[PDB]
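S.K.: How does the following fold in three dimensions:
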Amino acid sequence: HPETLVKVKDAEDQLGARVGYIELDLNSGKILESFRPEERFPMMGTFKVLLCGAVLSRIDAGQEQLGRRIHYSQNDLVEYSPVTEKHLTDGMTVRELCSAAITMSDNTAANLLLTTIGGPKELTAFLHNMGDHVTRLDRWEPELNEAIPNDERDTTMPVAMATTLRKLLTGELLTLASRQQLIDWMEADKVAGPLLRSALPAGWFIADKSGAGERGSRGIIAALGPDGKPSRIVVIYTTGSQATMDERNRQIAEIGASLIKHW
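M.R.: Numbering: from 1, shown residues only. Let me share the structure:
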């Protein structure tokens, strides 16, 4: 709805920053609404979804096991590792690392997973292999959040991220069982509450993943819909703002409210 683009516009106003926005039909994949859809934005933590899709892909092909245990040391910890911090001693399984990266935004788990698959370049080739020639990962956590202006490293475009997400969750690239595991981790969010979830009506589905970076970078990807099932994909990125975290959350929440209200 154009009333939503009015809201997106206002948010750029308020934040004094670029907002990238897209709304995509899950079923048809058609573009419903857009705003800067082919501009680049840093992914920040929203890459972790893609990352665990690649892992799941390996597990579907027999080259990885969800139950495999990964051991690491205090040397591996990066800033913000709620879950990995706690299990230095005994290690964690692949399942538990994907759960922590996605449900708790644990930075070390992402790094450990990135290692297991061959690094940023391997993720990028995975993405390329499925038709996403725009999205690219170049660094590890936490340097991939630097958000240097005009830098193409670790960026995507709203359109590219959206259609890639669609494929992860509806195409034949992943087994049914793997796909649902993904949605399950995303549906279990503990950090994205003051974003889209705070405007979502009762009974609606949402599976999401948010990101934060330097230089006022904030972002979120999600699949949402009424009556308990996803109907569309929404992607919102922003960067270059001097606004506080809470004012950045509010505007994204307001974009959410207007999209739901004009559903």
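
S.K.: At the geometric centre of the protein, which residue sits there?
M.R.: In the chain, the residue lying closest to the centroid (C-alpha atoms, centre = their mean) is residue 46, at 2.3 Å.

S.K.: Just give the nearest non-adjacent residue to it, would you?
M.R.: residue 211 (4.5 Å; C-beta to C-beta, 6 or more residues apart in numbering). Every residue, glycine included, has its C-beta placed from N, CA and C.

S.K.: so what's residue 255 up against?
M.R.: 4, 7-8, 11, 19, 21, 236 (C-beta atoms under 8 Å, 6 or more residues apart in numbering).

S.K.: run the last query once more with 6 Å
M.R.: By C-beta atoms under 6 Å, 6 or more residues apart in numbering, residue 255 lies in contact with 7-8, 11.

S.K.: Residue 257: what's its closest spatial neighbour, skipping adjacent residues?
M.R.: Residue 257 sits nearest to residue 199 (C-beta to C-beta, 6+ apart), 4.0 Å away.

S.K.: do residue 88 as well
M.R.: Residue 88's closest residue in space is residue 74 (C-beta to C-beta, 6+ apart), at 6.0 Å.

S.K.: what's the neighbour count on the one you found?
M.R.: 7 (other C-beta atoms under 10 Å).

S.K.: Got phi/psi on it?
M.R.: Dihedral pair for residue 74: phi -50, psi -30, per degrees, to the nearest 10.

S.K.: Which stretches in this protein count as strands?
M.R.: Ranges of strands within the chain are 18-25, 31-35, 41-42, 69-70, 92-93, 155-156, 205-212, 218-225, 232-239, based on DSSP state E.

S.K.: who's in contact with the fifth one?
M.R.: Read it as strand 92-93. Applying C-beta under 6 Å, 6+ apart, the contact partners of strand 92-93 are 67, 69.

S.K.: Pull up the pairing partners for that strand, direction included.
M.R.: Note on strand 92-93: by DSSP bridges, its sheet partners are strand 69-70 (antiparallel).

S.K.: Find out how far the partner strand is from the centre of the chain, if you would.
M.R.: Relative to the chain's own centre, strand 69-70 is displaced by 24 Å; criterion: C-alpha atoms, centre = their mean, to the nearest Å.
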